[PDB]
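# Chain and residue survey
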Amino acid sequence: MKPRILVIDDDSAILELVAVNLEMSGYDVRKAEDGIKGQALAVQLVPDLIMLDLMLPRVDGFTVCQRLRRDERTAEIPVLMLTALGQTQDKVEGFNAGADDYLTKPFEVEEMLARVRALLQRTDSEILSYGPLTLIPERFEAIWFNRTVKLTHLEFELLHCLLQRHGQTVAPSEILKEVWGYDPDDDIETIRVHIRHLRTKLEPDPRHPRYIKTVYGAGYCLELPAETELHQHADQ
DNA sequence: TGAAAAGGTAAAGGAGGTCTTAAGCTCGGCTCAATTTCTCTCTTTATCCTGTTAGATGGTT
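Rules and cut-offs
- Residues numbered from 1 in each chain as written, not as in the entry; some residues may be left out.
- Chains lettered and ligands numbered in written order.
- Part of a larger assembly, values for the part shown.
- Heavy atoms only, no water.
- Helix = DSSP H or I, 4+ residues; strand = E, 2+ residues; numbered from the N terminus.
- Areas by Shrake-Rupley, 256 points an atom, 1.4 Å probe, with all protein chains shown as cover.
- Buried < 20%, exposed > 50% of the residue type's maximum accessible area, 1.4 Å probe, protein only.
- Pairing = 2+ DSSP bridges.
- Right-handed = clockwise from strand over helix to strand, strands pointing away.

Its PDB header attributes the entry to cryo-EM and lists the resolution as 3.7 Å.

## Focus on the overall build of chain A
Counting its secondary structure elements, chain A contains eight helices and eleven strands. Dimensions of chain A, computed from the C-alpha atoms along their principal axes, are close to 60 × 35 × 35 Å. Working note: accessible area of chain A is about 13300 Å², and carbon and sulfur atoms make up 47% of it.

## What about the pairing of strand β1 (residues 4-8)?
Side-chain positions along a regular strand alternate between the two faces of the sheet. Judged by how many residues are buried, β1 sits mostly within the fold: four of five residues are covered. Here β1 pairs with strand β2 (residues 28-32) via five bridges, running parallel. Each residue of the ladder has a partner; that of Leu-6, found in β2, is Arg-30. One crossover worth recording links β1 to the parallel β2 by way of helix α1 (residues 12-24), and it is right-handed. Sheet topology note: the β1/strand β3 (residues 49-52) ladder contains four bridges and is parallel. Note on β3: the bridge partner recorded for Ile-5 is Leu-49.

Put into structure tokens, the structure is as follows:
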């Protein structure tokens, strides 16, 4: 297969330069503009390499790297740190983050490609983020576009179950079995209650839900806009 | 057009986890006698070396 590289950087210009140069080198590149989305993508995709900028918003690059090292699924993924390199203290804190390498900005493209090759020569399953939602399992929270929403455990698990089947209709019996482990024949009415809470937290108008749709006779569907349309929905 | 038939919403109540205090304990620190190691001297043995002037001169079992 083509090696998967995850680039995590809030500088869209650096992110684009890197992505273009890696694609020219034949890799499958994935991009993330912030540390939370980057972490979710790393967990979901298990990329073959992570390039990790230092100064990401809401979550510093060090905390992201440490969390990747704490997850058994990502602990072995090589981390090439992108750093603005200027103070020995960021040096000292990176010395504990478990980074595999550092690359100082500005970098030569050839050096970047050399490091990518060396890390790859050395190395040799749940959707947690789609469009406007990051799910934050560790905190039972959802990032919905740019707002934090606190969820209860059952509401979170229900929303995750729907996210796993984004764009498909999920039957109430499947929700009972997967989230509650209950028999298909138990009362599904309880689910109907908790679904509205998600709408209460997530829809702009709970009476005219746009994203948590009801498929009459079939169940519930989470339909999310593609990332290309997000700019039209945030104002809502 | 009337009528199932499903899907919502707003409660009441419970279930469950998370907080608050009076009772009691026991745990470490602090002091402070009370001592076992340590490290020098200071000896004191433990071990080896050399010499001995009457005369003597072939085995037991």
